[PDB]
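The block underneath contains the structure these notes are about, expressed in structure tokens.
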4 protein chains.
Amino acid sequence: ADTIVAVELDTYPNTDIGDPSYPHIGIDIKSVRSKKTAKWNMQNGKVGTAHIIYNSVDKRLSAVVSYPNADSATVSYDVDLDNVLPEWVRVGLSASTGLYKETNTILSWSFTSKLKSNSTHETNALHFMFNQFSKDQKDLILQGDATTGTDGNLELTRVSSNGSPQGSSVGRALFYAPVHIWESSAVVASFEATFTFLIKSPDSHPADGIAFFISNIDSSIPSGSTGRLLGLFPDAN
Amino acid sequence: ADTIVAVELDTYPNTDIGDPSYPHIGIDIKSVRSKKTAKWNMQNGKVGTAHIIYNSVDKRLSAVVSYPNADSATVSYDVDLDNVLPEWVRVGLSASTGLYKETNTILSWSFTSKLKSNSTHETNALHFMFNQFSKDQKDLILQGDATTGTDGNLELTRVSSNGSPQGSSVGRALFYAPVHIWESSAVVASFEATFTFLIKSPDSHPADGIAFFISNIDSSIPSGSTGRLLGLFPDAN
Amino acid sequence: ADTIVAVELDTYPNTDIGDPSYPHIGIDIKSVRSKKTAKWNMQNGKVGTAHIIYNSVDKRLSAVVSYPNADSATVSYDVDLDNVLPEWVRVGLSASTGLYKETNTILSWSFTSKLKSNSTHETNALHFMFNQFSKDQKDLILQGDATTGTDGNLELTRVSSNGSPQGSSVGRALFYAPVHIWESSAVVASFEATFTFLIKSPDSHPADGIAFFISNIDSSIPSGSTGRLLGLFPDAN
Amino acid sequence: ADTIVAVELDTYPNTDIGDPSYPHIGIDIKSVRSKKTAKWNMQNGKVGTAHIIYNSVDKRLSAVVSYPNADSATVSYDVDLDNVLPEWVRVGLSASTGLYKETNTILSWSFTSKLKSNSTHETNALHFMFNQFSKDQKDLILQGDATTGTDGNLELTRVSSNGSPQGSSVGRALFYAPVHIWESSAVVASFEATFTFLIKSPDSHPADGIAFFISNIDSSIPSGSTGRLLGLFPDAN
Ligand SMILES: [Ca+2]
Ligand SMILES: [Ca+2]
Ligand SMILES: [Ca+2]
Ligand SMILES: [Ca+2]
Ligand SMILES: [Co+2]
Ligand SMILES: [Co+2]
Ligand SMILES: [Co+2]
Ligand SMILES: [Co+2]
């Protein structure tokens, strides 16, 4: 059904579906079983920043995640996205909770896509930046439990009044406009995404994670993708 | 019905509805009878560039139109757009032909909107740039006769095979995503639009013009707005 | 000697040289006696953000200053900068202390200048953004007491070890590259500057202020411009 | 003496110093003998566009060169620039002619450098874009025979009145401000450069080429680097 390319900030180690034994960042190409992962020293309650970059010349999707005053984690994977995704895609953020939970709060999100064609000076670009989300954010498609406006933030999963994260929740936010990532006369296509997040859990084992993803434009949350599936995959294959 | 704020590049002088006796650029606030105009030395067959700028501190909508090697024309009008438009709008380009005609070709179009809130570093921004239009431009809403892809250009009004402009045509192209132009904690909201166009007519009296407009998100072409109404207004009041 | 256009965030009311009886933001065109001012509810110890904008079509220099959770202050003045400044200028930040003092800390500073010429697609642009200053910031010209690197910030005036602001201090930081603000074939020239600051004083009467300024490229601090002259003017005329 | 990293658009095959037997694009790390090259179908008299990209996560310097209506050439090389260049560098364009010659005209040049630190939202950026060069371009350091302003272009090597390219010429243009390409708390540093050029020769064997380069800030043209050395290297080792 959906084609998903995602960079996951996986807070819970589901070693039975291939997660390493620690929080990790991973690159998922059409499967929750990451093609590549890197240990991530996740800090409960701290605001982190994730940067994702890719260009069609190098064909390497790379991500860097850091927290202030801490060393960063980085993961890269060689993948030609022209062979995985459609030429028009939607980009978004997804997060879930299962039996274990955490807040999956997004405080800001920026994205820049550029397609440079062979005509002298031909650049097609799309750029958006959100440093605040309003209750009626018309340029975002919110799916599942995702809501905007509480403290001007984007809450991907359900958080009750007293700020408590709820389990078995899943939510996604996609930018409204389709994004053009391939065009026949493009000599270089590239994108960069950055988002700051705040994962906080009352528990010692937060779950399940946040993911930046690119999908077919009409992507919707797969049935039963709460928990370990991060609101992105229908199963764990 | 629709709320329209537009900068018109009016090629035909309809002196009966208030046009001056020459091609002119004008600022239209909810009426085709421009609030302010400036003589425009339109060059048939040449690529021109229009720049439109506005910010909520000064509340002055200004536009500059020029052709290479020629002096520019500029028009400005003091208007608080927060009092005219909704907080979420769609931006687009419109053009029409009537008994007289011309090609209303758009070769590139860029737009940048910024909302800076009172939180330190809070900037919400939207930027798009098209230097080429493809046959299936999914991020544009084409209305009426507007088509994309012929020579990688956006043809707002009908042009037959042999490149001839057709009369009684009207077409509009709006960027897919809603644009947020006001927010309660924004200290300064601004936008700038730039587009290059090519108006060419076999006739000595081209008509009717191209307009950059901002409207309510659900705006559609008014019935009978071909010709002098530029695909923007239902009547000439 | 120097030609100075500045937006002052004046913390001390020197009513004898024309200041209003309160902290105020003002637009200074070649004189410390502001052409226009607006009351500024300055917050000692809080990080504020100032936005300055200008374009050659409207010829209005406007500035907005705000603090989180507080209403902003704005001041505007109609001035054609082509008639005041040279075509090549340097942009900077200046601050001073006199008998009264305060820290004049800059935490981030961004600037964007654009010159759009009448050739189709001719845009000359300069943009810089500093969200951190290093001890050896080679792209900034530091004058007087200005230093970079302490807490990754730019300290315009002297602050001793224990964080205490020192009196009779003056310092300026200018971006290294000259900025082109006028060109003969430019149809619209514009700029926007934004900087966040932290003015903190142990005293009830902080002084003297911070100013964003544009000057001739070879501008240097005028002798005796500590205190009320903000490191910009040689006298109070 | 100087540390040079350059992307060369080499028009003349000096097979004795390792050039392939055809025009080629190459990546030169401290030597004119390119670490990697790719055949380049150079078009005499046509305006081409070169794009150079690099980021510190992937550590791969890649370049794409194209002409309208033609397939592009691309070359990439894995190199960690933090191990080759200083943290502060100057970026520029260089070109030369020897016994054979060609015009080495630059019509536009843009550059964007970004350093993203681990503090949430810490981005330091520098961006410049020139779509026109004036006779007194104060923000460019012209070395050797390089001149600005003729037809609003940048002529890297000497061209006599009648538009004829002169042999044994060498010229370079560097952006005035130093560029910061590494910082201790940066999690990702990246840059992208784009320039359009017009290489035209009356002869069947144009020479010698144009190069985009990054060097130590105080770099100057090496003595005798006309011809095959592209105004970048003192010898052919
Ligand atoms: Ca997991
Ligand atoms: Ca008319
Ligand atoms: Ca004062
Ligand atoms: Ca060679
Ligand atoms: Co995982
Ligand atoms: Co009219
Ligand atoms: Co004052
Ligand atoms: Co070579």
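Reconstructed Cβ throughout: ideal geometry from the backbone, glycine too, with neighbour counts over all protein chains shown. A short reminder: the numbers here are calculations on the coordinates, not readings from a lab.
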Could you state the number of Å between the C-alpha centres of region D:170-188 and region C:110-171? 17 Å
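Exposure proxy check: C:215, D:160 ranked by fewest other beta carbons within 10 Å? Walk me through the intermediate numbers first.
Details: C:215 22, D:160 8.
Ordered by Cβ neighbours within 10 Å, fewest first: D:160, C:215.
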Using the Karplus curve 6.51 cos²θ - 1.76 cosθ + 1.60 with θ = phi - 60°, what ³J(HN,Hα) values do you get for each residue of region D:159-165, in whole Hz, with x for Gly and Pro? 10, 7, 2, 6, x, 7, x
Say a label goes 7 Å from Cα toward Cβ at residue D:2 in every copy; what distances in nm does this one have to the rest, shortest first? 3.4, 5.2, 5.7
Only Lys, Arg (+1) and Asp, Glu (-1) charged, at Cβ; chain A dipole about Cα centre in debye: 260 debye
Distance in whole Å from the C-onto-A rotation axis to the closest C-beta of chain C, together with the residue it belongs to, please. C:121, 3
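When each pair of different Cα atoms in region B:21-113 is counted once in the 1/r mean, what is the Kirkwood radius in angstroms, to one decimal? Before the final figure, lay out each step's value.
On the way: mean 1/r = 0.0667 Å⁻¹.
One decimal place: 15.0 Å for the Kirkwood radius.
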Any chance you could check the Cα centroid distance between region C:34-94 and region D:200-237 for me, in angstrom? 46 Å
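Per residue, how big is the convex hull of region A:141-224 when only Cα atoms are used? Give it in Å³.
Numbers: hull volume 10.9 nm³, N = 84.
Per residue, the Cα convex hull of region A:141-224 comes to 130 Å³.
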How long are the semi-axes of the ellipsoid equivalent to region B:194-237, from square roots of 5 times the Cα gyration tensor eigenvalues, in whole Å, largest first? 22, 16, 7
Averaging over every viewing direction, what projected area does the convex hull of the Cα atoms of the protein assembly as shown cover, in nm²? 39.9 nm²
D_trans [Stokes-Einstein, Kirkwood Rh over alpha-carbon pairs] for region B:14-53, 10 °C, 1.306 mPa s, µm² s⁻¹: 139 µm²/s
From the phi angles alone, apply the Karplus equation (6.51, -1.76, 1.60; θ = phi - 60°) to region C:54-60 and give each ³J(HN,Hα) in whole Hz, x where the residue is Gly or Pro. 6, 8, 6, 7, 6, 6, 9
Neighbour-count ranking [beta-carbon atoms within 10 angstrom, fewest first] of A:33, C:90: A:33, C:90
With chain A treated as a Gaussian network of Cα nodes joined by springs under 10 Å, which of A:227, A:149, A:48 yields the largest mean-square fluctuation? A:149
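If we count other beta carbons within 10 Å of each Cβ, what is the order of C:114, A:101, D:35, fewest first?
Values: C:114 19, A:101 27, D:35 15.
Ascending number of Cβ neighbours within 10 Å: D:35, C:114, A:101.
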Placing +1 on each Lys and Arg Cβ and -1 on each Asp and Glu Cβ in region D:1-125, then taking the dipole about the Cα centre, the residue among D:121, D:81, D:7 whose Cα reaches farthest towards the positive end is D:121
Cα-centre dipole for region B:18-124 with unit charges at Cβ (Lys and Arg positive, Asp and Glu negative), debye to 20: 180 debye
In bins 5 Å wide, starting from 0, what share of all Cα pairs of chain C does each bin hold, as a percent? 1, 7, 15, 20, 21, 17, 10, 5, 2, 1, 0, 0
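Dipole magnitude of the protein assembly as shown about its Cα centre, charges +1 at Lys/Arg Cβ and -1 at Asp/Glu Cβ only, in debye to the nearest 20? Don't skip to the end; give the middle numbers.
Numbers: 72 positive and 100 negative charges, 0 e Å.
It comes to approximately 0 debye.
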To the nearest 0.05, the calculated FRET efficiency linking residue C:15 and residue C:150 through their beta-carbon distance, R0 being 41 Å, is 0.75
List the distances, in nm and shortest first, from the label point of residue D:163 to the matching label points in every other copy, placing each point 7 Å from Cα along the Cα-to-Cβ direction. 2.3, 6.7, 7.0
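How high is the relative contact order of chain D, given as a whole-number percent (alpha carbon pairs under 8 Å, six or more residues apart)?
Working: 676 pairs, mean separation 70.3, N = 237.
Averaging sequence separation for qualifying contacts and normalising by length gives 30 percent for chain D.
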Looking only at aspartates and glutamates whose Cα falls under 17 Å of residue B:30's and that sit 8 or more positions away or on another chain, we get B:2, B:8, B:10, B:19, B:78, B:80, B:82, B:87, B:218, B:235
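Give the calculated FRET efficiency between residue C:220 and residue A:112 to the nearest 0.05, with a Förster radius of 51 Å applied to their Cβ-Cβ distance. Let's see the in-between values first.
On the way: r = 39 Å, r/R0 = 0.77.
The value I calculate is 0.85.
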With the label set 7 Å along Cα→Cβ, residue D:46 is separated from its counterparts in the other copies, in nm and shortest first, by 2.9, 5.3, 6.0
